[PDB]
Amino acid sequence: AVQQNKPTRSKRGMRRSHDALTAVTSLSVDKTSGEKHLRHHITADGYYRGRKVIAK
Amino acid sequence: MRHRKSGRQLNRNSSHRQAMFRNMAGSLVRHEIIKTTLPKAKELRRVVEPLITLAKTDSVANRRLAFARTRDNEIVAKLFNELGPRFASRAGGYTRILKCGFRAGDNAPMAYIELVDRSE
Amino acid sequence: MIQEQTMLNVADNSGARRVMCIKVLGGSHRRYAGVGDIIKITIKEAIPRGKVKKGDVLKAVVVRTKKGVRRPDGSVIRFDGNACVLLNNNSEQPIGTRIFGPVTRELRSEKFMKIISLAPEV
Amino acid sequence: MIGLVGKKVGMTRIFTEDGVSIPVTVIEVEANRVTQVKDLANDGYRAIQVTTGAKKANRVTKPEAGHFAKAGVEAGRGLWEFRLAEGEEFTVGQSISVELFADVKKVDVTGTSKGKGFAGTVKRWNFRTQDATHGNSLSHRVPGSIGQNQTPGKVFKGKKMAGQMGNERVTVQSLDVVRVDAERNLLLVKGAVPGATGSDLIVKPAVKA
Amino acid sequence: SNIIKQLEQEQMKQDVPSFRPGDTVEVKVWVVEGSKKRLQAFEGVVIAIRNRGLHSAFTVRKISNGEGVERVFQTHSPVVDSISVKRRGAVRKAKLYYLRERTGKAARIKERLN
RNA sequence: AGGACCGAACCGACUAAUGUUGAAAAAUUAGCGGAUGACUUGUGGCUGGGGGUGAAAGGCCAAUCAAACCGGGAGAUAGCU
RNA sequence: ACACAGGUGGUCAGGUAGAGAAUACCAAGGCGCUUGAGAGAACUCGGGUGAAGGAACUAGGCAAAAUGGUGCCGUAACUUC
RNA sequence: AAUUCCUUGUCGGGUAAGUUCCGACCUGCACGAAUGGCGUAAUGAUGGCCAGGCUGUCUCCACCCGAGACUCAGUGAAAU
RNA sequence: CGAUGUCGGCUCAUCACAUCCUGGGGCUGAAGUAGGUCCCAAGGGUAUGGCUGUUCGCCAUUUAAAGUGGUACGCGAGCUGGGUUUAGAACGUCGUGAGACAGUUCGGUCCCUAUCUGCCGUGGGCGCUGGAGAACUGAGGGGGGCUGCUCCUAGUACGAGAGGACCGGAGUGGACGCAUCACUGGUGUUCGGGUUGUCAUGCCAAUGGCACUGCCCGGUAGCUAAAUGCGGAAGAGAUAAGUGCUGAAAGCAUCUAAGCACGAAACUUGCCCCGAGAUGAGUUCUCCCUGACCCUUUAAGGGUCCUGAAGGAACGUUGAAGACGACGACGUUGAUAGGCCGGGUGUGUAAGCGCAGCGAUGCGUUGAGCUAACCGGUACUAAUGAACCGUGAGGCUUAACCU
Ligand SMILES: [Mg+2]
Ligand SMILES: [Mg+2]
Ligand SMILES: [Mg+2]
Ligand SMILES: [Mg+2]
Ligand SMILES: [Mg+2]
Ligand SMILES: [Mg+2]
Ligand SMILES: [Mg+2]
Ligand SMILES: [Mg+2]
Ligand SMILES: [Mg+2]
Ligand SMILES: [Mg+2]
Ligand SMILES: [Mg+2]
Ligand SMILES: [Mg+2]
Ligand SMILES: [Mg+2]
Ligand SMILES: [Mg+2]
Ligand SMILES: [Mg+2]
Ligand SMILES: [Mg+2]
Ligand SMILES: [Mg+2]
Ligand SMILES: [Mg+2]
Ligand SMILES: [Mg+2]
Ligand SMILES: [Mg+2]
Ligand SMILES: [Mg+2]
Ligand SMILES: [Mg+2]
Ligand SMILES: [Mg+2]
Ligand SMILES: [Mg+2]
Ligand SMILES: [Mg+2]
Ligand SMILES: [Mg+2]
Ligand SMILES: [Mg+2]
Ligand SMILES: [Mg+2]
Ligand SMILES: [Mg+2]
Ligand SMILES: [Mg+2]
Ligand SMILES: [Mg+2]
Ligand SMILES: [Mg+2]
Ligand SMILES: [Mg+2]
Ligand SMILES: [Mg+2]
Ligand SMILES: [Mg+2]
Ligand SMILES: [Mg+2]
Ligand SMILES: [Mg+2]
Ligand SMILES: [Mg+2]
Ligand SMILES: [Mg+2]
Ligand SMILES: [Mg+2]
Ligand SMILES: [Mg+2]
Ligand SMILES: [Mg+2]
Ligand SMILES: [Mg+2]
Ligand SMILES: [Mg+2]
Ligand SMILES: [Mg+2]
Ligand SMILES: [Mg+2]
Ligand SMILES: [Mg+2]
């Protein structure tokens, strides 16, 4: 269950082929402040869908 | 499988879920908005709404069934006096789920579950 | 579900008290026995001066199963207690004369005509 | 004859006057509207391309919206295709309803099965389990051996192992039709058909009965 | 489930005598003997009632000559005819399965009468 | 009264499973035996390498025992690898 | 070897039920075990329940399942009584 | 027979069927009288066997509840 | 010999044909039934138990038959450890003894997270030549292929009797596989109820926590079987062993040499599933894009500004979908999920109060109260308008029709 021959850098890279990260890259500007954020997520201060939903 | 088995396990005991959703429903009523993960938010929504559904009609019998659940009179007093009247005409969603971000520690998608009509 | 090693009761006037099914006759790898299937049993307990004796091997037919038999309407005639009727090994010919314990209409198939005729109920 | 696409809506029983409870399955069949008449002289084989059901204006896409508007029909929830068995001419936009089934008496259903997950070898292939006791450690529901030894050296192609059971196309054959409803647009077939409630059924007459 | 429930209605018979479980029922079923529809009888205590609309069923326990017979009956079927009640009983449980072990003078019930 | 009986502490370790690059270089969970004695245990001593001690297995003598460990003879010797 | 499911002598040791320091639930006091959050496949481990049958399992009733307390009645072969 | 190679000896009992088990015969390969012989009440985490009970051991598994498994964030090995 | 782990059992098999059964035939000391023997045939099927650690074997009871072998006498990086070759002990025998025994007996650690190949499932990238969205053809491949009994034909044929068919056609079972919860049941630690111990809610009352869900009794959905449906085939083509026609070589005879016709569960199809990465990358239908300027070793080149379509992806609410991706539905032009309402199902006559009673408790209000993922409705809450990717009529040579 161990290993038989040592794999290569080639095999180490082809395995990490699909380990590659992926960004969001397409954000939304709010109607009120326009501060970019994630779709369906509040802003840093509490704005969401053009509304202060944090109420604070 | 779990075909049509609506209920979320939350990696806990069944005896833990009855007491976690009892104390978390309690701090949602004492406060008005709390912060937790979505899988707790989508589920607390299933427990706190049947309380606002309940407290629309006051009676000695409804106080007991609202005291078996939530196990504290202060929440029972907050119910039937505040929320029942404050959500009377509306027939439906008495709370709102609202996604915010993540935790630094374990990277859990969080959300602010909030009771509606908090523009006082 | 009467299968091998099942301790049945006896439901005729022959002498035995407890029999035990040792083979469900009828087919290869045949698991259990049902309504009116012929089975091979052995006698584990009898009355003293009776016809059959302990340690004998003869055939039988199941009559009353604890699991019960389904009628074509989705109804079941679930009894309470497994029981059978002893037969001759060499022919149909039941050795009993007084079939006790009410049996099912599902045995009416012309080779068990003597069984229903001597039966008390159903 | 050809066939017809219907929706599986539950199953119940329809009693006979002899008391024989007949387990039927209700197949909701509105009307298969025919979109295209494929031809031997155009494609290389004769077949009709039907559809049924209702769509949404914002949901029917541009490529298919022309494809429905070529013949001209209310757009259905996807297309299907039935091969003609003899010289059976039709027209485009034709509505083939359930009345074709007022004559045939042995039918055939074909639908996606009920998805059962990543099913182990015990559930999927009916492997007898090993002993729950008498020493048995960590192999209570294991498939055991999966090959001989050095002579093959490999596992043969097609070994029964653990994988995907269900959510696959299944044909249950020779169901006896019970009642053919005209107004209620139903079809009562004796027994059970694949897939959960609401799953599609490609209902055809029995071909080898 | 509209098209099934509307189809469920067409088979169900509109005169079924409702009752609480524990009642000593007397039911009559059509048994066919060759070519003669004989009209049987069957008594016993109702053990359980499974209400499912058309798919209804109720279990009746009869202490016969033998050990004991239990029969279930698809309520809305053309076999069953009588749902005549003899003794209205008073039990607390909804399904009486403990009467498979109590016997004789231990397995007797109380008439309801209230 | 009892090398008496059932049964905790305490001691011991028969069965099974888990674990066996373990939580642990022998333990854990569910059971189990003794449990006022030929008992168990604390502290402090005594007996030592062909010797000690042993209700006796050639077991134990610092995770090591048909002859402990450390240093020296010693870079023993090896027709073997 | 470690912030290790192990080992470590003596003393004090409440309430209710109970024969009891067994055991259950609590007091005082002290802690939630130094990775968590979702999903709810196969499979593995710790467990629950089960139609009919009931050892047919297997090296073997291994493991489970079952019996389980007090009062009273009653209690064989054999025996060193 | 903790002993019998031949051998699962032969006869009897238990079972539908018994290389084991119990009783007995005696051709004791190769029992035998303090390296004790033959019995023996009680005792035993003892060896073999049988019956009642009881049950997922099994016929044949099915479902459910938790801990891993699977995914994400952090840390991050090993034999080879 | 700087390791190739061993019998048997469990599990999972797979191939061979010297075939146990079923199928097709010749011969017979083949009347019939039932057998013997030989040839063709591997599609499928090919016992449960008592005794032994045993394979084998004996025995009991069946079955259509309970085939013979290869496959490290298949399978310990899958399991067991009974047997046997570690350390303990005893008996018989051998030896002065330590010990020894193809004699025996009781007891006795079975390690490993899979890199590669292989196999079972599932996706990403790119290609398929403008791109995209759907529906199919179809090379190749896989799955499936078993069979008894009763009845009719007919108790006819055959037979002195006794007995007792072929063929053909219906019905009912076993084994196995696929599928499904409408029926019958199982589980149902998210539902209801009962009750023991104890703590708490200030106390009675009424509840909650804990003790494996405390122990229990039932039970929705879902899952699933013991439950319920269905399946093998018919038929066709070409054949094996075999049976014939015409018929010469050889005036005859003869199935074979020319030619022709029948002939098996085997072969190819018919049934079902996968399937255009079949790089030989197919076909049909539909939709969308028909903007301007420079450089240049001027070529299927590179660059910029203006537009970036169909569609896809991402995100979100989730599914009878699912390990993760993926796949399906929906995204206010709204029914996808939660909630709410009506209904249903289940449990069972709640709480409070009144009356009867010393009391436990009962009766009445009341088949009420509570009701999990169930069914049908309803936007009350959440699916924010945009943005991101993908483009701008699609090369070369040639032929055939339009001009
Ligand atoms: Mg990776
Ligand atoms: Mg976790
Ligand atoms: Mg608990
Ligand atoms: Mg182990
Ligand atoms: Mg103890
Ligand atoms: Mg020295
Ligand atoms: Mg020297
Ligand atoms: Mg620590
Ligand atoms: Mg420690
Ligand atoms: Mg105490
Ligand atoms: Mg405290
Ligand atoms: Mg789980
Ligand atoms: Mg259990
Ligand atoms: Mg035990
Ligand atoms: Mg136990
Ligand atoms: Mg004998
Ligand atoms: Mg001698
Ligand atoms: Mg001696
Ligand atoms: Mg001597
Ligand atoms: Mg002695
Ligand atoms: Mg003795
Ligand atoms: Mg002892
Ligand atoms: Mg036995
Ligand atoms: Mg990670
Ligand atoms: Mg013949
Ligand atoms: Mg066996
Ligand atoms: Mg055998
Ligand atoms: Mg092996
Ligand atoms: Mg062990
Ligand atoms: Mg093909
Ligand atoms: Mg093929
Ligand atoms: Mg004649
Ligand atoms: Mg005949
Ligand atoms: Mg049920
Ligand atoms: Mg239950
Ligand atoms: Mg409860
Ligand atoms: Mg109280
Ligand atoms: Mg507490
Ligand atoms: Mg208990
Ligand atoms: Mg139940
Ligand atoms: Mg090309
Ligand atoms: Mg899209
Ligand atoms: Mg609407
Ligand atoms: Mg909804
Ligand atoms: Mg009352
Ligand atoms: Mg209550
Ligand atoms: Mg409700």
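- Looking at the entry header, you'll see cryo-EM listed as the method and 3.2 Å as the resolution.

## Observations regarding the packing of aromatic side chains
Inference 1: Evaluated as defined, the whole model comprises 4 aromatic pairs over all chains.
Inference 2: Ring geometry for B:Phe87 versus B:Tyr94: centroids 5.8 Å apart, planes at 55°, classification tilted.
Inference 3: Given the relative accessible area of 2%, B:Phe87 is considered buried.
Inference 4: With a centroid separation of 5.8 Å and 75° between ring planes, the pair formed by E:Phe42 and E:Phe73 is classed as edge-to-face. Separated by 31 residues along the polypeptide, E:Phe42 in strand 3 (residues 42-50) and E:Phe73 in strand 5 (residues 69-74) bring together distant segments of the chain.

## Focus: unusual backbone geometry
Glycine aside, the phi torsion of most residues is negative, and most peptide linkages are trans.
Inference 1: Of note in this structure, B:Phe80 is not a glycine but carries a positive phi near 65°.
Inference 2: The topology assignment puts B:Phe80 in the loop between helix 4 (73-78) and helix 5 (83-86).

## Things to note about the protein's contact with RNA strand H
Inference 1: Inspection of the region around RNA strand H gives 28 residues, with A:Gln3, B:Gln9, C:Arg31, C:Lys44 and D:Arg141 positioned closest.
Inference 2: At the protein interface, 74% of the atoms of RNA strand H within 4 Å belong to sugar or phosphate.
Inference 3: Interatomic distance of 2.8 Å between a side-chain N/O atom of B:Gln9 and a phosphate oxygen of RNA strand H.
Inference 4: A distance of 2.9 Å separates a base oxygen of RNA strand H from a polar atom in the side chain of C:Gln3.
Inference 5: Broken down by secondary-structure element, the contributors of at least two residues to the surface near RNA strand H are helix 1 (14-30) of chain B together with strand 3 (38-46) of chain C.
Inference 6: Among the residues making up the surface near RNA strand H, the classes are represented as 5 nonpolar, 13 polar and 10 charged.

## Points about the interface of chain A and chain B
Reports often express the size of an interface as the amount of accessible area lost when the parts come together.
Inference 1: The interface is formed by 8 residues belonging to chain A together with 8 residues belonging to chain B.
Inference 2: Ranking the residues of chain A by area buried against chain B places A:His41, A:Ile42 and A:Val53 at the top, with a combined share of 52%.
Inference 3: The tally of links from chain A across to chain B stands at 0 salt bridges.
Inference 4: Where chain A touches chain B, the interface holds 1 residue pair in polar contact.

## With respect to a positive patch on the surface
Residue and element names in this part refer to chain A.
Inference 1: A contiguous patch of positive charge on the surface is contributed by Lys-6, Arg-9, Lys-11, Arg-12, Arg-15 and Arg-16.
Inference 2: Its place among the elements puts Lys-6 in the segment before helix 1 (9-15).
Inference 3: Owing to a relative accessible area of 74%, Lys-6 belongs among the exposed residues under this scheme.

## Notes on the sheet that holds strand 5 (residues 82-83) of chain D
All names here are of chain D.
Inference 1: Taken together, the 4 strands give an open sheet; going across it, the order is 5-4-3-6, and neighbouring strands pair in antiparallel fashion. Only two strands of the sheet have a single neighbouring strand rather than two, namely strand 5 and strand 6 (95-96).
Inference 2: Where strand 3 (residues 32-38) meets strand 6, 2 bridges bridge the pair, whose relative direction is antiparallel. Each bridged residue has a counterpart across the sheet, and for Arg-33 the counterpart in strand 6 is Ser-95.
Inference 3: Lying on the sheet, helix 1 (residues 62-71) is in contact with strand 3 and strand 4 (47-51); it crosses strand 3 at an angle near 90°.

## Observations regarding a nonpolar patch on the surface
Inference 1: Judged by side-chain polarity, D:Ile146, D:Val155 and D:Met161 come together as a nonpolar surface patch covering roughly 230 Å² of accessible area.
Inference 2: Tracing the sequence through the fold places D:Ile146 in the loop between helix 2 (121-125) and strand 9 (163-164).

## Here we look at the interface of chain C and chain E
Inference 1: Each partner contributes to the interface: chain C provides 15 residues, whereas chain E provides 20 residues.
Inference 2: Between chain C and chain E lies a buried interface of about 1,500 Å² when both sides are counted; carbon and sulfur atoms form 44% of it.
Inference 3: Our count for the chain C to chain E interface comes out at 1 salt bridge.
Inference 4: As a salt-bridge pair, C:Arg105 and E:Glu33 come within 3.6 Å of each other at their nearest N and O atoms.
Inference 5: For the pair chain C and chain E, the number of links is 6 residue pairs in polar contact.
Inference 6: By residue class, the composition of the side of chain C that touches chain E is 5 nonpolar, 3 polar and 7 charged.

## Overview of the protein's contact with RNA strand I
Inference 1: The immediate surroundings of RNA strand I are formed by 158 residues, with A:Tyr48, B:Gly93, D:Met11, D:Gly115 and D:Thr151 found nearest.
Inference 2: In this structure, D:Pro63 approaches RNA strand I through a main-chain N or O atom, which is 2.7 Å from a sugar or linking oxygen.
Inference 3: In the environment of RNA strand I, a phosphate oxygen lies 2.7 Å from a nitrogen or oxygen atom belonging to the backbone of E:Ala94.
Inference 4: If you tally residues by element for the surface near RNA strand I, the top one is strand 10 (residues 169-176) of chain D, at 7 residues.
Inference 5: Residue classes in the surface near RNA strand I are distributed as 45 nonpolar, 61 polar and 52 charged.

The rules behind each value
- Summary of conventions: residues on each chain are numbered from 1 in written sequence order, possibly unlike the entry numbering, and any residue without coordinates is omitted from what is shown.
- Each chain takes a letter, starting from A, and each ligand takes a number, starting from 1, following the order in which they are written.
- All values in this description refer to the chains shown, which are themselves only part of a larger assembly.
- Here the side-chain values reflect all heavy atoms present in the structure, with hydrogen atoms and water set aside.
- Classification of ring pairs rests on two measures: the distance between centres of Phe, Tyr or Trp rings, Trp counted by its six-membered ring, which must be within 6.5 Å, and the angle between planes, read as stacked under 30 degrees, edge-to-face over 60 and tilted in between.
- Only protein chains enter the accessibility calculation, which uses a 1.4 Å probe. A residue is then buried if its area is under 20% of the maximum for its type, exposed if over 50%, and partly exposed in between.
- Each helix is a run of H or I in the DSSP string that is no shorter than four residues. Each strand is a run of E no shorter than two, and both are numbered from the N terminus.
- Throughout, near means a residue has at least one heavy atom within 4 Å of the molecule or strand.
- Residues adjacent in sequence count toward polar contacts only when both atoms are side-chain atoms; beyond that, a polar contact is any pair of N or O atoms within 3.5 Å, and within protein one must be able to donate a hydrogen and the other to accept it.
- Following the grouping adopted for this structure description, the nonpolar residues are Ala, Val, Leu, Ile, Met, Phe, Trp, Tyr, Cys and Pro, the charged ones are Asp, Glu, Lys and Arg, and the polar ones are all others, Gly among them.
- In this analysis, two residues are considered to be in contact whenever any of their non-hydrogen atoms come within 4.5 Å of each other.
- Buried area is understood as the total, over both parts, of accessible area removed when two parts are fitted together, assessed with a 1.4 Å probe.
- In the sections that follow, a salt bridge refers to a side-chain nitrogen of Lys or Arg positioned within 4 Å of a carboxyl oxygen of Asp or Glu.
- Candidates for patches are residues over 30% relative accessible area with no salt bridge; among them, like charges are joined within 9 Å and nonpolar side chains (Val, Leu, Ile, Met, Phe, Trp, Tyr) within 5 Å.
- Computed with the Shrake-Rupley method and a 1.4 Å probe, the accessible areas treat only the protein chains shown as cover for residues.
- In summary, the charge assignment counts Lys and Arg as positive and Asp and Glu as negative, without counting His or the chain termini.
- Here the site of a charge means NZ on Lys, CZ on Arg, CG on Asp, or CD on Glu.
- Strands are labelled as partners when DSSP assigns at least two bridges between them.
- As a rule, the C-alpha atoms of each element are fitted with a line to give its axis, helices using only the stretch in contact, and angles between N-to-C directions run from 0 to 180 degrees.

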